[PDB]
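Q: Quick one: structure below, then a few questions.
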Amino acid sequence: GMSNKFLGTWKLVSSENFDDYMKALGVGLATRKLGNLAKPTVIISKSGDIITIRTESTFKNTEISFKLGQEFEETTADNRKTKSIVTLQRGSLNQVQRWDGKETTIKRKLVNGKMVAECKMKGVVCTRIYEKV
Ligand SMILES: CCCCCCCCCCCCCCCC(=O)O
Ligand SMILES: [Cl-]
């Protein structure tokens, strides 16, 4: 199952290439200007087979709850209405989002007590690092 080590409250400590990633997502300038300044808190909890990922920033909050491998409807921070699925591959929590024939991936894994989120969209690769708070 998903590592309990994922469970808890995390906070952004580093972001590489987030602007280009958002740009690839078609994000608007207003949301980009703020997304580049934002240092979100990610809270991850799990109950039975139900997992929740909550994102909090002074600018925008998001929350998704899901079961591994079961596609669900998601509304992203940038107001994308996507069909999403989260899977587990070698202890890496992998989210795929599909919309308008397009596709993006967010892979979250633990690295020396840190959580690393790699965001991919059309050759643009973003790395956001979180610390456990
Ligand atoms: C609410 C935090 C997101 C920052 C605001 C910018 C909106 C862009 C949304 C694109 C998806 C970003 C998800 C980041 C992945 C992660 O770090 O967990
Ligand atoms: Cl913030």
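Going through the structure tokens in order, the chains are called A, B, and so on, while each chain numbers its residues from 1 and the ligands are numbered from 1 in the order shown.
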Give as a PDB file with C-alpha atoms, in the first residue's frame the residues surrounding ligand 2 up to a distance of 6 Å, considering only C-alpha atoms and all ligand atoms.
A:
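Once written, result_23.pdb looks like this:
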ATOM      1  CA  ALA A  38       3.320  30.871  -3.696  1.00  0.00           C
ATOM      2  CA  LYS A  39       4.876  28.459  -1.200  1.00  0.00           C
ATOM      3  CA  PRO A  40       1.969  26.049  -0.660  1.00  0.00           C
ATOM      4  CA  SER A  57      -1.797  28.786  -0.059  1.00  0.00           C
ATOM      5  CA  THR A  58      -2.884  32.338   0.715  1.00  0.00           C
TER       6      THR A  58
END
Q: Any idea what's packed within 9 Å of range 30-36 of chain A, counting only C-alpha atoms, ignoring anything in its chain fewer than 2 positions away? Could you give it as a list in words?
A: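 My list of contacting residues is residues 15, 18, 19, 22, 23, 27, 28, 38, 39, 59, 60, 77 and 78 of chain A.
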Q: Please provide the set of residues having any atom within 12 Å of range 42-50 of chain A, restricted to only C-alpha atoms, with same-chain residues fewer than 5 positions apart removed, written as a PyMOL selection string.
A: chain A and resi 1-13+55-57+60-70+86+93+108+115-117+128-133
Q: Please save N, CA, C and O atoms of the selected residues as a compact mmCIF listing (two decimals), in the first residue's frame.
A:
# COMPACT_ATOMS: atom_id res chain seq x y z
N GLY A 1 0.82 -1.20 0.00
CA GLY A 1 0.00 0.00 0.00
C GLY A 1 0.85 1.25 0.00
O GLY A 1 2.08 1.17 0.05
N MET A 2 0.20 2.41 -0.06
CA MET A 2 0.92 3.68 -0.04
C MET A 2 1.64 3.86 1.29
O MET A 2 1.06 3.64 2.35
N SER A 3 2.90 4.28 1.22
CA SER A 3 3.70 4.46 2.43
C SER A 3 3.09 5.48 3.39
O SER A 3 2.81 6.63 3.00
N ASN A 4 2.90 5.07 4.64
CA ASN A 4 2.42 5.99 5.67
C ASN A 4 3.34 7.19 5.79
O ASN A 4 2.93 8.24 6.30
N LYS A 5 4.58 7.05 5.32
CA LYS A 5 5.54 8.15 5.36
C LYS A 5 5.10 9.35 4.54
O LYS A 5 5.66 10.44 4.69
N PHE A 6 4.12 9.14 3.66
CA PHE A 6 3.57 10.23 2.86
C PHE A 6 2.63 11.09 3.70
O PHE A 6 2.44 12.27 3.41
N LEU A 7 2.05 10.47 4.72
CA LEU A 7 0.99 11.10 5.51
C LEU A 7 1.51 12.25 6.37
O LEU A 7 2.50 12.10 7.10
N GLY A 8 0.86 13.40 6.28
CA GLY A 8 1.25 14.53 7.09
C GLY A 8 1.17 15.86 6.36
O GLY A 8 0.54 15.98 5.31
N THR A 9 1.84 16.85 6.93
CA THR A 9 1.75 18.23 6.47
C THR A 9 3.11 18.66 5.92
O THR A 9 4.12 18.60 6.62
N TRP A 10 3.11 19.09 4.66
CA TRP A 10 4.34 19.40 3.94
C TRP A 10 4.34 20.84 3.49
O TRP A 10 3.29 21.46 3.38
N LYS A 11 5.52 21.37 3.21
CA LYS A 11 5.62 22.77 2.82
C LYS A 11 6.71 22.96 1.77
O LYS A 11 7.81 22.41 1.88
N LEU A 12 6.40 23.74 0.74
CA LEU A 12 7.31 23.96 -0.36
C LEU A 12 8.59 24.61 0.12
O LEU A 12 8.56 25.58 0.88
N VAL A 13 9.73 24.07 -0.32
CA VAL A 13 11.01 24.67 0.02
C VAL A 13 11.82 25.02 -1.22
O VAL A 13 12.80 25.75 -1.14
N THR A 55 -4.12 21.09 -0.77
CA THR A 55 -3.14 22.15 -0.99
C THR A 55 -3.69 23.49 -0.47
O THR A 55 -4.82 23.89 -0.78
N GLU A 56 -2.88 24.16 0.35
CA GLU A 56 -3.26 25.44 0.95
C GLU A 56 -2.21 26.49 0.64
O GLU A 56 -1.01 26.27 0.86
N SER A 57 -2.65 27.62 0.08
CA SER A 57 -1.80 28.79 -0.06
C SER A 57 -2.68 30.01 0.14
O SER A 57 -3.89 29.92 0.00
N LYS A 60 -4.67 30.33 -3.16
CA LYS A 60 -5.53 29.29 -3.72
C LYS A 60 -5.46 28.03 -2.88
O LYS A 60 -4.37 27.61 -2.47
N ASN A 61 -6.61 27.41 -2.62
CA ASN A 61 -6.64 26.07 -2.02
C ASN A 61 -7.23 25.05 -2.98
O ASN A 61 -8.16 25.34 -3.72
N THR A 62 -6.68 23.84 -2.97
CA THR A 62 -7.27 22.73 -3.71
C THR A 62 -7.36 21.53 -2.79
O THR A 62 -6.64 21.44 -1.79
N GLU A 63 -8.23 20.59 -3.13
CA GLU A 63 -8.30 19.34 -2.40
C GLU A 63 -8.84 18.26 -3.32
O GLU A 63 -9.83 18.47 -4.02
N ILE A 64 -8.17 17.12 -3.34
CA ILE A 64 -8.72 15.95 -4.02
C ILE A 64 -8.74 14.76 -3.08
O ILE A 64 -7.83 14.57 -2.27
N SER A 65 -9.78 13.96 -3.20
CA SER A 65 -9.86 12.70 -2.47
C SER A 65 -10.16 11.59 -3.47
O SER A 65 -10.98 11.75 -4.38
N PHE A 66 -9.49 10.45 -3.31
CA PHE A 66 -9.53 9.41 -4.33
C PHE A 66 -9.12 8.07 -3.77
O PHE A 66 -8.55 7.97 -2.68
N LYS A 67 -9.40 7.04 -4.56
CA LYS A 67 -8.88 5.70 -4.33
C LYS A 67 -7.85 5.42 -5.41
O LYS A 67 -8.01 5.84 -6.56
N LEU A 68 -6.78 4.71 -5.05
CA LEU A 68 -5.75 4.36 -6.03
C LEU A 68 -6.38 3.64 -7.22
O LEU A 68 -7.25 2.77 -7.05
N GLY A 69 -5.96 4.01 -8.43
CA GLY A 69 -6.38 3.33 -9.64
C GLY A 69 -7.78 3.63 -10.16
O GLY A 69 -8.15 3.14 -11.23
N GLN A 70 -8.55 4.41 -9.41
CA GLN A 70 -9.91 4.76 -9.84
C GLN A 70 -9.99 6.19 -10.33
O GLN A 70 -9.80 7.14 -9.57
N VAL A 86 -4.76 8.40 -9.79
CA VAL A 86 -3.53 8.29 -9.03
C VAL A 86 -3.17 6.82 -8.84
O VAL A 86 -3.99 6.02 -8.39
N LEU A 93 3.91 8.04 -5.81
CA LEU A 93 2.49 8.30 -5.96
C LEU A 93 2.26 9.12 -7.23
O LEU A 93 2.54 10.32 -7.26
N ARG A 108 4.90 12.03 -7.11
CA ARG A 108 5.31 12.46 -5.78
C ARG A 108 6.03 11.30 -5.10
O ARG A 108 5.48 10.20 -4.99
N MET A 115 9.59 15.36 0.39
CA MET A 115 8.72 14.92 -0.69
C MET A 115 9.01 15.70 -1.95
O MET A 115 8.97 16.93 -1.96
N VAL A 116 9.30 14.97 -3.02
CA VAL A 116 9.62 15.58 -4.30
C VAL A 116 8.49 15.36 -5.29
O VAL A 116 8.02 14.24 -5.48
N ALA A 117 8.04 16.45 -5.90
CA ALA A 117 6.96 16.41 -6.86
C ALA A 117 7.52 16.78 -8.22
O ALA A 117 8.00 17.90 -8.41
N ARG A 128 9.37 20.30 -7.73
CA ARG A 128 9.03 21.04 -6.52
C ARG A 128 9.32 20.18 -5.30
O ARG A 128 8.84 19.05 -5.20
N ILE A 129 10.13 20.70 -4.39
CA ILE A 129 10.55 19.96 -3.21
C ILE A 129 9.86 20.45 -1.93
O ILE A 129 9.77 21.66 -1.68
N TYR A 130 9.37 19.51 -1.13
CA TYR A 130 8.63 19.83 0.08
C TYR A 130 9.35 19.27 1.29
O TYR A 130 9.96 18.20 1.21
N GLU A 131 9.27 19.98 2.41
CA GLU A 131 9.79 19.48 3.68
C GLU A 131 8.64 19.13 4.60
O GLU A 131 7.56 19.72 4.52
N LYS A 132 8.86 18.17 5.49
CA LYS A 132 7.83 17.73 6.43
C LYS A 132 7.72 18.69 7.60
O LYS A 132 8.68 18.86 8.36
N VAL A 133 6.56 19.32 7.75
CA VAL A 133 6.34 20.21 8.88
C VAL A 133 5.42 19.56 9.92
O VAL A 133 4.71 18.60 9.65
Q: Would you list the contacts of residue 96 in chain A as an mmCIF file with C-alpha atoms, in the first residue's frame, taking every protein, DNA or RNA residue within 9 Å and counting only C-alpha atoms, but skipping same-chain residues closer than 5 positions in sequence?
A:
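result_26.cif written:
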data_model
loop_
_atom_site.group_PDB
_atom_site.id
_atom_site.type_symbol
_atom_site.label_atom_id
_atom_site.label_comp_id
_atom_site.auth_asym_id
_atom_site.auth_seq_id
_atom_site.Cartn_x
_atom_site.Cartn_y
_atom_site.Cartn_z
ATOM 1 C CA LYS A 83 -10.173 13.114 -15.652
ATOM 2 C CA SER A 84 -7.512 12.019 -13.196
ATOM 3 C CA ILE A 85 -6.086 8.823 -11.771
ATOM 4 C CA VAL A 86 -3.528 8.288 -9.034
ATOM 5 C CA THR A 87 -1.447 5.119 -9.042
ATOM 6 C CA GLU A 103 -2.249 15.057 -20.544
ATOM 7 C CA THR A 104 -0.026 15.961 -17.589
ATOM 8 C CA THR A 105 1.630 13.984 -14.794
ATOM 9 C CA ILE A 106 2.562 14.694 -11.197
ATOM 10 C CA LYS A 107 4.779 12.138 -9.515
#
Q: For each of A:16, A:26, A:76, A:121, take the minimum atom-to-atom distance to ligand 1, counting only C-alpha atoms and all ligand atoms, then give the residue where this is smallest.
A: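 Residue with the minimum atom-to-atom distance to ligand 1: A:76.
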Q: Residues of chain A in strand (DSSP E or B) according to DSSP, as a PyMOL selection string?
A: chain A and resi 8-16+41-47+50-56+61-66+72-75+81-89+92-99+102-111+114-121+124-132
Q: Could you save the residues just selected, with C-alpha atoms, as a PDB file, in the first residue's frame?
A:
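Listed below is the output, out-v8.pdb:
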ATOM      1  CA  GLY A   8       1.252  14.534   7.088  1.00  0.00           C
ATOM      2  CA  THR A   9       1.754  18.228   6.466  1.00  0.00           C
ATOM      3  CA  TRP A  10       4.341  19.398   3.943  1.00  0.00           C
ATOM      4  CA  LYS A  11       5.624  22.768   2.819  1.00  0.00           C
ATOM      5  CA  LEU A  12       7.312  23.961  -0.364  1.00  0.00           C
ATOM      6  CA  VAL A  13      11.015  24.671   0.023  1.00  0.00           C
ATOM      7  CA  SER A  14      12.085  24.754  -3.625  1.00  0.00           C
ATOM      8  CA  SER A  15      10.589  25.079  -7.098  1.00  0.00           C
ATOM      9  CA  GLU A  16      12.339  24.611 -10.438  1.00  0.00           C
ATOM     10  CA  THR A  41       1.316  23.655   2.196  1.00  0.00           C
ATOM     11  CA  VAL A  42       0.401  20.134   1.115  1.00  0.00           C
ATOM     12  CA  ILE A  43      -1.449  17.966   3.611  1.00  0.00           C
ATOM     13  CA  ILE A  44      -1.811  14.276   2.906  1.00  0.00           C
ATOM     14  CA  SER A  45      -4.134  11.958   4.781  1.00  0.00           C
ATOM     15  CA  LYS A  46      -5.507   8.466   4.222  1.00  0.00           C
ATOM     16  CA  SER A  47      -8.512   6.638   5.652  1.00  0.00           C
ATOM     17  CA  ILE A  50      -9.413   6.674   0.612  1.00  0.00           C
ATOM     18  CA  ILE A  51      -6.610   9.184   0.199  1.00  0.00           C
ATOM     19  CA  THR A  52      -6.750  12.971   0.327  1.00  0.00           C
ATOM     20  CA  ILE A  53      -4.297  15.568  -0.923  1.00  0.00           C
ATOM     21  CA  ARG A  54      -5.005  19.100   0.252  1.00  0.00           C
ATOM     22  CA  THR A  55      -3.144  22.148  -0.988  1.00  0.00           C
ATOM     23  CA  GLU A  56      -3.260  25.440   0.951  1.00  0.00           C
ATOM     24  CA  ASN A  61      -6.636  26.074  -2.021  1.00  0.00           C
ATOM     25  CA  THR A  62      -7.273  22.731  -3.706  1.00  0.00           C
ATOM     26  CA  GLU A  63      -8.297  19.343  -2.402  1.00  0.00           C
ATOM     27  CA  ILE A  64      -8.716  15.951  -4.016  1.00  0.00           C
ATOM     28  CA  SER A  65      -9.861  12.700  -2.475  1.00  0.00           C
ATOM     29  CA  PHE A  66      -9.534   9.411  -4.325  1.00  0.00           C
ATOM     30  CA  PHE A  72     -12.154  10.648 -10.774  1.00  0.00           C
ATOM     31  CA  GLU A  73     -13.236  14.116 -11.871  1.00  0.00           C
ATOM     32  CA  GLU A  74     -10.880  16.833 -10.645  1.00  0.00           C
ATOM     33  CA  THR A  75     -10.937  20.615 -10.724  1.00  0.00           C
ATOM     34  CA  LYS A  81     -11.773  20.084 -15.461  1.00  0.00           C
ATOM     35  CA  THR A  82      -9.773  16.872 -15.811  1.00  0.00           C
ATOM     36  CA  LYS A  83     -10.173  13.114 -15.652  1.00  0.00           C
ATOM     37  CA  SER A  84      -7.512  12.019 -13.196  1.00  0.00           C
ATOM     38  CA  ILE A  85      -6.086   8.823 -11.771  1.00  0.00           C
ATOM     39  CA  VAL A  86      -3.528   8.288  -9.034  1.00  0.00           C
ATOM     40  CA  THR A  87      -1.447   5.119  -9.042  1.00  0.00           C
ATOM     41  CA  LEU A  88       1.459   3.707  -7.034  1.00  0.00           C
ATOM     42  CA  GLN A  89       4.654   2.695  -8.820  1.00  0.00           C
ATOM     43  CA  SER A  92       5.940   6.735  -6.022  1.00  0.00           C
ATOM     44  CA  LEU A  93       2.488   8.305  -5.959  1.00  0.00           C
ATOM     45  CA  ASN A  94       1.696   9.073  -9.587  1.00  0.00           C
ATOM     46  CA  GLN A  95      -1.111  11.356 -10.643  1.00  0.00           C
ATOM     47  CA  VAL A  96      -2.195  11.677 -14.232  1.00  0.00           C
ATOM     48  CA  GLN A  97      -4.603  14.380 -15.409  1.00  0.00           C
ATOM     49  CA  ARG A  98      -6.357  14.196 -18.790  1.00  0.00           C
ATOM     50  CA  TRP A  99      -8.443  16.942 -20.429  1.00  0.00           C
ATOM     51  CA  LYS A 102      -4.146  16.671 -23.394  1.00  0.00           C
ATOM     52  CA  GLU A 103      -2.249  15.057 -20.544  1.00  0.00           C
ATOM     53  CA  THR A 104      -0.026  15.961 -17.589  1.00  0.00           C
ATOM     54  CA  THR A 105       1.630  13.984 -14.794  1.00  0.00           C
ATOM     55  CA  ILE A 106       2.562  14.694 -11.197  1.00  0.00           C
ATOM     56  CA  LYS A 107       4.779  12.138  -9.515  1.00  0.00           C
ATOM     57  CA  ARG A 108       5.311  12.459  -5.776  1.00  0.00           C
ATOM     58  CA  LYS A 109       8.030  10.518  -3.989  1.00  0.00           C
ATOM     59  CA  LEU A 110       9.996  10.594  -0.744  1.00  0.00           C
ATOM     60  CA  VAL A 111      13.675  11.511  -0.830  1.00  0.00           C
ATOM     61  CA  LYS A 114      11.574  15.243   1.776  1.00  0.00           C
ATOM     62  CA  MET A 115       8.718  14.920  -0.685  1.00  0.00           C
ATOM     63  CA  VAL A 116       9.620  15.583  -4.302  1.00  0.00           C
ATOM     64  CA  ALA A 117       6.957  16.405  -6.859  1.00  0.00           C
ATOM     65  CA  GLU A 118       7.935  16.101 -10.501  1.00  0.00           C
ATOM     66  CA  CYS A 119       5.474  17.731 -12.870  1.00  0.00           C
ATOM     67  CA  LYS A 120       5.612  16.855 -16.573  1.00  0.00           C
ATOM     68  CA  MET A 121       3.865  18.465 -19.521  1.00  0.00           C
ATOM     69  CA  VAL A 124       8.603  20.609 -19.683  1.00  0.00           C
ATOM     70  CA  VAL A 125       9.715  19.060 -16.395  1.00  0.00           C
ATOM     71  CA  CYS A 126       9.146  20.846 -13.098  1.00  0.00           C
ATOM     72  CA  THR A 127      10.633  19.807  -9.757  1.00  0.00           C
ATOM     73  CA  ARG A 128       9.033  21.041  -6.516  1.00  0.00           C
ATOM     74  CA  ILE A 129      10.553  19.957  -3.205  1.00  0.00           C
ATOM     75  CA  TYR A 130       8.632  19.832   0.083  1.00  0.00           C
ATOM     76  CA  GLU A 131       9.794  19.485   3.678  1.00  0.00           C
ATOM     77  CA  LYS A 132       7.831  17.732   6.428  1.00  0.00           C
TER      78      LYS A 132
END
Q: Out of chain A, which residues get helix (DSSP H, G or I) from DSSP, as a list in words?
A: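 Selecting the helix (DSSP H, G or I) positions of chain A gives residues 4, 5, 6, 18, 19, 20, 21, 22, 23, 24, 25, 29, 30, 31, 32, 33, 34 and 35 of chain A.
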Q: Just give me the gap between CA of residue 29 in chain A and CA of residue 101 in chain A in Å, one decimal is fine.
A: 22.8 Å
Q: Choose the residue, out of A:25, A:91, A:71, A:20, that has the smallest atom-to-atom separation from ligand 1; count only C-alpha atoms and all ligand atoms.
A: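 Counting only C-alpha atoms and all ligand atoms, the residue closest to ligand 1 is A:25.
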Q: Tell me which of A:17, A:79, A:100, A:112 sits closest to ligand 1, counting only C-alpha atoms and all ligand atoms.
A: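 Of the candidates, the smallest distance to ligand 1 is held by A:79.
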